[PDB]
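Working notes, structure below.
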Ligand SMILES: CCCCCCCCCCCCCCCC(=O)O
């Protein structure tokens, strides 16, 4: 996981509105989200990973061990069962609730961190660049 660690800032986003609409996020929150550029911080302490997402709108923090299920409350206030794993070099975060699923897949391409979010038929891609 070591190549994922650090501070990353959003530089590009495609289809976030479609993804949020699929999740049932209301139009006013979608407005703010389409204009926010979060910072994501990924840190490790032994086998515990901490993932922070900071912005002017909402802040979230989760800590987890790879491969061990945990309870998570998401930024849009879903209560989900989550698991994060390493699969083919990608960090795969699966959230399950009410019989639904959404995946958040992070992969490193050319030194950038690409986050792909899928729910239903909606696919959003967000690109993050590393801050020194
Ligand atoms: C947490 C910053 C985004 C603000 C949007 C809050 C309501 C939508 C939340 C949808 C799930 C989280 C999306 C994560 C996107 C990312 O980390 O870039």
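In full-length UniProt numbering, the protein residues as written are 2 to 133. Built from N, CA and C at the ideal position, the CB exists for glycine as well.
DSSP three-state assignment for residue 45, whether helix, strand or coil: strand
Where residue 35 sits in the DSSP three-state scheme: DSSP places residue 35 in helix when its eight states are reduced to three.
Length at least 3, wholly inside the region 62-122: the beta strand (DSSP E) runs in chain order: 71-74, 80-88, 91-98, 101-110 and 113-120
Residue 125 beta carbon less than 8 angstroms from that of residue 118: yes
DSSP three-state assignment for residue 59, whether helix, strand or coil: coil
Contact check, residue 63 vs residue 6, beta carbons under 8 angstroms: no
Spatial distance of residue 59 from residue 76 (CA atoms): 7 angstroms
Closest Cα partner of residue 128 within the set 26, 39, 79 and 22: Shortest Cα-Cα distance from residue 128 to any of 26, 39, 79 and 22 involves 39.
Anticipated Cβ contact below 8 angstroms, residue 84 with residue 95, distance rounded: Residue 84 to residue 95, Cβ: 5 angstroms. Contact.
Proximal residues to residue 73 (C-beta, below 8 angstroms), its chain only, five neighbours per side dropped: 63, 80, 81, 82, 83 and 96
Per-residue burial, residue 33 [other beta carbons within 10 Å of its own, 16 or more giving buried]: exposed
Near ligand 1: residue 59 beta-carbon under 7 angstroms from a heavy atom: Answer for residue 59: yes, Cβ within range of ligand 1.
With 16 other Cβ atoms within 10 Å as the buried cut-off, status of residue 14: buried
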